[PDB]
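Visitor: Below is the structure I would like to discuss, written out as structure tokens.
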Amino acid sequence: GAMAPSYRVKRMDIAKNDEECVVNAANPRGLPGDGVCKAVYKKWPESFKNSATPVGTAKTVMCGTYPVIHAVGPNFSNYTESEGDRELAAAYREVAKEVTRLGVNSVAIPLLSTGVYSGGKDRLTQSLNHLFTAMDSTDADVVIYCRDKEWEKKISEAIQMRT
Ligand SMILES: [Cl-]
Ligand SMILES: [Cl-]
Ligand SMILES: [Cl-]
């Protein structure tokens with residue numbers, strides 16, 4: 001575990017992270033995809049061997065000794081608000097189990113279902129609160145990755161609010 005487990009946020013490409021493992025915002029079929037998933041495919045393509053997994057689950061595949069945790073959030077274009085919320089919470093719970101099992105001291109994580117799976121809605125708060133619910137009981141250093149300057153400020157404020 002980390003000496004003083006923390007949350008941090010950075011605005012940059014998660015493929016350039018400084019953590020001991022990465023969470024991919026994956027599709028259920030293990031395809032290269034777009035956005036975070038395509039950057040993850042270009043950096044760790046070996047990790048997409050048998051990475052397909054259902055919605056609300058996470059599947060870890062090694063790239064050398066570097067773990068890639070493929071976490072599949074719901075696409076809110078297809079799910080109801082109610083069922084999507086349940087699947088989004090579940091995907092983060094499975095990420096917490098994988099991070100624990102791997103024994104890593106740090107993890108890079110994107111906000112699941114906030115991009116092309118958002119169904120056109122701002123889900124910063126919804127996705128971040130499910131991230132916290134899952135990861136609060138883990139002792140890894142968590143570094144959240146985002147691309148938007150306004151999202152960086154709101155995520156940083158939410159972390160600081162809990163002190
Ligand atoms: Cl960057
Ligand atoms: Cl997404
Ligand atoms: Cl973002």
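Here, A, B, ... name the chains of the structure tokens in the order displayed, residue numbers run from 1 inside each chain, and ligands are numbered from 1 in the same displayed order.
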Using only C-alpha atoms and all ligand atoms, what does the table of chain A residues within 9 Å of ligand 2 look like, with each row giving the shortest atom pair and its distance in Å to one decimal, sorted by chain and ascending number, as a Markdown table?
Guide:
```
| residue | atom | partner | partner_atom_place_in_ligand_line | distance |
| --- | --- | --- | --- | --- |
| A:25 | CA | ligand 2 | 1 (Cl) | 6.4 |
| A:26 | CA | ligand 2 | 1 (Cl) | 8.3 |
| A:27 | CA | ligand 2 | 1 (Cl) | 8.9 |
| A:35 | CA | ligand 2 | 1 (Cl) | 7.9 |
| A:36 | CA | ligand 2 | 1 (Cl) | 8.1 |
| A:37 | CA | ligand 2 | 1 (Cl) | 8.8 |
| A:73 | CA | ligand 2 | 1 (Cl) | 7.3 |
| A:74 | CA | ligand 2 | 1 (Cl) | 8.4 |
| A:75 | CA | ligand 2 | 1 (Cl) | 7.4 |
| A:110 | CA | ligand 2 | 1 (Cl) | 9.0 |
| A:111 | CA | ligand 2 | 1 (Cl) | 7.7 |
| A:112 | CA | ligand 2 | 1 (Cl) | 5.6 |
| A:113 | CA | ligand 2 | 1 (Cl) | 3.9 |
| A:114 | CA | ligand 2 | 1 (Cl) | 4.8 |
| A:115 | CA | ligand 2 | 1 (Cl) | 3.7 |
| A:116 | CA | ligand 2 | 1 (Cl) | 4.6 |
| A:117 | CA | ligand 2 | 1 (Cl) | 4.2 |
| A:118 | CA | ligand 2 | 1 (Cl) | 6.1 |
```
Visitor: Take the residues just selected and output them with N, CA and C atoms as a short mmCIF file (atom, residue, chain, number, x, y, z; two decimals), in the first residue's frame.
Guide:
```
data_model
loop_
_atom_site.label_atom_id
_atom_site.label_comp_id
_atom_site.auth_asym_id
_atom_site.auth_seq_id
_atom_site.Cartn_x
_atom_site.Cartn_y
_atom_site.Cartn_z
N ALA A 25 -10.60 2.65 -20.13
CA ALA A 25 -12.05 2.83 -20.34
C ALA A 25 -12.45 2.01 -21.58
N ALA A 26 -12.57 0.71 -21.41
CA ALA A 26 -12.67 -0.29 -22.49
C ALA A 26 -14.10 -0.39 -23.04
N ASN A 27 -14.16 -1.01 -24.23
CA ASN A 27 -15.44 -1.52 -24.78
C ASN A 27 -15.56 -2.98 -24.41
N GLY A 35 -10.66 7.50 -28.29
CA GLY A 35 -10.45 8.25 -27.03
C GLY A 35 -9.42 7.55 -26.16
N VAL A 36 -9.64 7.50 -24.84
CA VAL A 36 -8.73 6.80 -23.88
C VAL A 36 -8.41 5.40 -24.44
N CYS A 37 -9.41 4.63 -24.84
CA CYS A 37 -9.20 3.22 -25.26
C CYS A 37 -8.19 3.14 -26.42
N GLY A 73 -17.54 0.43 -18.63
CA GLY A 73 -18.68 1.26 -18.23
C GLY A 73 -19.81 1.09 -19.21
N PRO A 74 -21.04 1.35 -18.77
CA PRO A 74 -22.21 1.33 -19.64
C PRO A 74 -22.20 2.50 -20.62
N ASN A 75 -22.74 2.22 -21.82
CA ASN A 75 -23.05 3.31 -22.77
C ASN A 75 -24.47 3.83 -22.48
N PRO A 110 -9.22 6.75 -15.51
CA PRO A 110 -10.07 7.75 -16.17
C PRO A 110 -11.48 7.73 -15.58
N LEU A 111 -12.29 8.77 -15.86
CA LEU A 111 -13.70 8.77 -15.39
C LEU A 111 -14.55 7.98 -16.40
N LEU A 112 -14.97 6.79 -16.00
CA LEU A 112 -15.74 5.86 -16.88
C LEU A 112 -17.07 6.51 -17.27
N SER A 113 -17.48 6.22 -18.52
CA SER A 113 -18.79 6.63 -19.08
C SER A 113 -18.95 8.16 -19.14
N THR A 114 -17.88 8.95 -19.24
CA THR A 114 -17.98 10.44 -19.32
C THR A 114 -17.75 10.98 -20.73
N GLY A 115 -17.33 10.15 -21.67
CA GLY A 115 -16.99 10.57 -23.04
C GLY A 115 -18.06 10.08 -24.01
N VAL A 116 -17.69 9.24 -24.99
CA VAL A 116 -18.69 8.76 -25.99
C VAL A 116 -19.73 7.81 -25.37
N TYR A 117 -19.57 7.34 -24.12
CA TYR A 117 -20.57 6.50 -23.45
C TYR A 117 -21.49 7.34 -22.53
N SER A 118 -21.38 8.68 -22.56
CA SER A 118 -22.12 9.59 -21.63
C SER A 118 -23.59 9.77 -22.06
#
```
Visitor: Going by DSSP on the backbone, which bits of stretch 35-143 of chain A are strand (DSSP E)? Write them as a list in words, please.
Guide: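 Result set for stretch 35-143 of chain A (strand (DSSP E)): residues 58, 59, 60, 61, 62, 63, 66, 67, 68, 69, 70, 71, 106, 107, 108, 109, 110, 141, 142 and 143 of chain A.
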Visitor: Ranking A:12, A:32, A:76, A:93 by minimum distance to residue A:120 and counting only C-alpha atoms, which one comes first?
Guide: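 With only C-alpha atoms as the atom set, the closest residue is A:76.
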Visitor: Closest to residue A:136 among A:66, A:151, A:79, A:92, using only C-alpha atoms?
Guide: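 Counting only C-alpha atoms, the residue closest to residue A:136 is A:92.
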Visitor: Set the cut-off to 6 Å, count only C-alpha atoms and all ligand atoms, and list whatever residues fall near ligand 3 as a PDB file with N, CA and C atoms, in the first residue's frame.
Guide:
```
ATOM      1  N   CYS A 146      -7.709  13.356 -16.842  1.00  0.00           N
ATOM      2  CA  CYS A 146      -8.763  14.041 -17.622  1.00  0.00           C
ATOM      3  C   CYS A 146      -8.105  14.892 -18.715  1.00  0.00           C
ATOM      4  N   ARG A 147      -8.902  15.435 -19.647  1.00  0.00           N
ATOM      5  CA  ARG A 147      -8.347  16.234 -20.777  1.00  0.00           C
ATOM      6  C   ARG A 147      -8.825  17.706 -20.767  1.00  0.00           C
ATOM      7  N   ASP A 148      -9.964  17.977 -20.131  1.00  0.00           N
ATOM      8  CA  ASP A 148     -10.630  19.308 -20.133  1.00  0.00           C
ATOM      9  C   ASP A 148     -10.153  20.136 -18.932  1.00  0.00           C
ATOM     10  N   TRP A 151     -12.909  20.493 -16.205  1.00  0.00           N
ATOM     11  CA  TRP A 151     -13.029  19.207 -15.460  1.00  0.00           C
ATOM     12  C   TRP A 151     -11.887  19.061 -14.458  1.00  0.00           C
TER      13      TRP A 151
END
```
Visitor: Pull the closest atom pair for each residue of chain A that gets at most 10 Å from ligand 1, along with the distance in Å to one decimal, counting only C-alpha atoms and all ligand atoms, ordering rows by chain and then ascending residue number, as JSON lines.
Guide:
```
{"residue": "A:10", "atom": "CA", "partner": "ligand 1", "partner_atom_place_in_ligand_line": "1 (Cl)", "distance": 9.6}
{"residue": "A:11", "atom": "CA", "partner": "ligand 1", "partner_atom_place_in_ligand_line": "1 (Cl)", "distance": 7.4}
{"residue": "A:12", "atom": "CA", "partner": "ligand 1", "partner_atom_place_in_ligand_line": "1 (Cl)", "distance": 3.9}
{"residue": "A:13", "atom": "CA", "partner": "ligand 1", "partner_atom_place_in_ligand_line": "1 (Cl)", "distance": 4.2}
{"residue": "A:14", "atom": "CA", "partner": "ligand 1", "partner_atom_place_in_ligand_line": "1 (Cl)", "distance": 7.8}
{"residue": "A:15", "atom": "CA", "partner": "ligand 1", "partner_atom_place_in_ligand_line": "1 (Cl)", "distance": 8.4}
{"residue": "A:16", "atom": "CA", "partner": "ligand 1", "partner_atom_place_in_ligand_line": "1 (Cl)", "distance": 7.1}
{"residue": "A:17", "atom": "CA", "partner": "ligand 1", "partner_atom_place_in_ligand_line": "1 (Cl)", "distance": 9.4}
{"residue": "A:145", "atom": "CA", "partner": "ligand 1", "partner_atom_place_in_ligand_line": "1 (Cl)", "distance": 10.0}
{"residue": "A:146", "atom": "CA", "partner": "ligand 1", "partner_atom_place_in_ligand_line": "1 (Cl)", "distance": 9.8}
{"residue": "A:147", "atom": "CA", "partner": "ligand 1", "partner_atom_place_in_ligand_line": "1 (Cl)", "distance": 8.2}
```
